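Residue numbers (the deposited numbering): 3 to 270.
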Ligand SMILES: CC1=C[C@H](OC[C@@H]2C(=O)O[C@@H]3c4ccccc4C[C@H]23)OC1=O
Ligand SMILES: [Cl-]
Ligand SMILES: [Cl-]
């Protein structure tokens with residue numbers, strides 16, 4: 003019963019399956035503007051990450067999900083029970099990295115990864131600009147732990163971006179507050195604590211790096227970092243738009259970019 007655990011939804015028709023993973027704060031409905039454009043040529047599988055508001059909180063193994071590997075094996079188990087191989091993995095934020103790690107362990111399950119707002123490490127290092135100094139992110143988490151609803155009412159507009167009181171601004175706010183707070187904090191400890199830079203050379207399946215030109219959470223430098231350190235074919239396309247969830251806040255300009263990168267491969 004894994005399909006129930008992650009609310010796996012399956013539809014469309016085709017020879018190769020497109021898998022859709024979401025990021026923190028939302029769930030699979032994040033892809034409302036993408037699903038209809040694929041179902042005429044592909045099977046489409048959607049799944050929620052464990053911890054999302056639509057999942058049973060009794061299933062959030064805190065020890066297992068204390069690291070990205072826990073979610074990576076969830077994705078492998080999902081793909082296995084639905085008989086998915088050589089899939090096209092389209093992942094936003096978290097799921098993109100979960101997908102990338104999974105493709106290292108089980109390259110038989112992935113043909114390519116299309117990723118949006120991907121981040122291999124939240125904080126700045128030497129040789130790496132990820133947005134915020136580690137010292138300061140630690141305060142952003144610690145204050146979120148001290149006063150959860152207050153500072154996430156803050157956080158949510160900064161992440162969605164754009165005009166206040168929009169569909170994406172109200173949708174993300176709704177799904178974000180549907181998470182149980184202790185689960186949300188564990189997920190945040192996991193994300194703010196991971197560092198995938200040494201893993202990137204082990205990802206050798208082709209990676210399409212798509213990201214916003216004005217994302218508070220992922221600077222443009224992060225995409226050129228990914229493009230330079232991935233172990234296989236890769237490519238970068240910027241989207242002239244603001245926000246962390248372009249696929250939801252600006253579908254007219256983001257969806258055709260995703261489609262082209264889903265449809266088309268990478269030339270030598
Ligand atoms: C899955 C995903 C990753 C990327 O966020 C990372 C994180 C998030 O947004 O606040 C989380 C948080 C919590 C405390 C400190 C920093 C961060 C940044 C974290 O954006 C996403 O959707
Ligand atoms: Cl536990
Ligand atoms: Cl186009």
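Even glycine gets a Cβ: it sits at the ideal position worked out from N, Cα and C.
Query: Straight-line Cα distance separating residue 84 from residue 5; Result: 8 Å
Query: Helix, strand or coil at residue 126 [DSSP, three-state]; Result: strand
Query: Residue 181 Cβ short of 7 Å to ligand 5 heavy atom set; Result: Of the ligands one can find in the structure shown, namely ligand 1, ligand 2 and ligand 3, none is ligand 5.
Query: Beta-carbon separation (whole angstroms), residue 8 vs residue 249, contact threshold 8 Å; Result: Actually they are not in contact, since the Cβ atoms of residue 8 and residue 249 sit about 19 Å apart, beyond 8 Å.
Query: Cβ contact (3+ pairs, closer than 8 Å) linking the segment 21-31 and the segment 228-238; Result: no
Query: Ligand 3 site residues, beta-carbon cut 6 Å against heavy atoms; Result: 258 and 262
Query: Local Cβ density within 10 Å of residue 13, reported as buried at 16 or more and exposed below that; Result: exposed
Query: Under 8 Å between C-beta atoms of residue 199 and residue 130; Result: yes
Query: Start and end residues, beta strand (DSSP E) containing residue 248; Result: No beta strand (DSSP E) contains residue 248, which is instead part of the alpha helix (DSSP H) from 248-251.
Query: Residue 127: CB within 7 Å of a non-hydrogen atom of ligand 1; Result: no
Query: Ligand 2 site residues, beta-carbon cut 7 Å against heavy atoms; Result: 63, 64 and 65
Query: Touching by the beta-carbon criterion (3+ pairs, under 8 Å), the segment 219-233 and the segment 249-259; Result: no
Query: Residue 17, DSSP secondary structure in three states; Result: coil
Query: Delimiting residues of the alpha helix (DSSP H) encompassing residue 72; Result: 70-83
Query: Alpha carbon of residue 43 to alpha carbon of residue 70, nearest angstrom; Result: 31 Å
Query: Cβ separation of residue 10 and residue 80, assumed to be a contact under 8 Å, to the nearest whole Å; Result: 6 Å
Query: Separation of residue 215 from residue 178, as counted between CA atoms; Result: 23 Å
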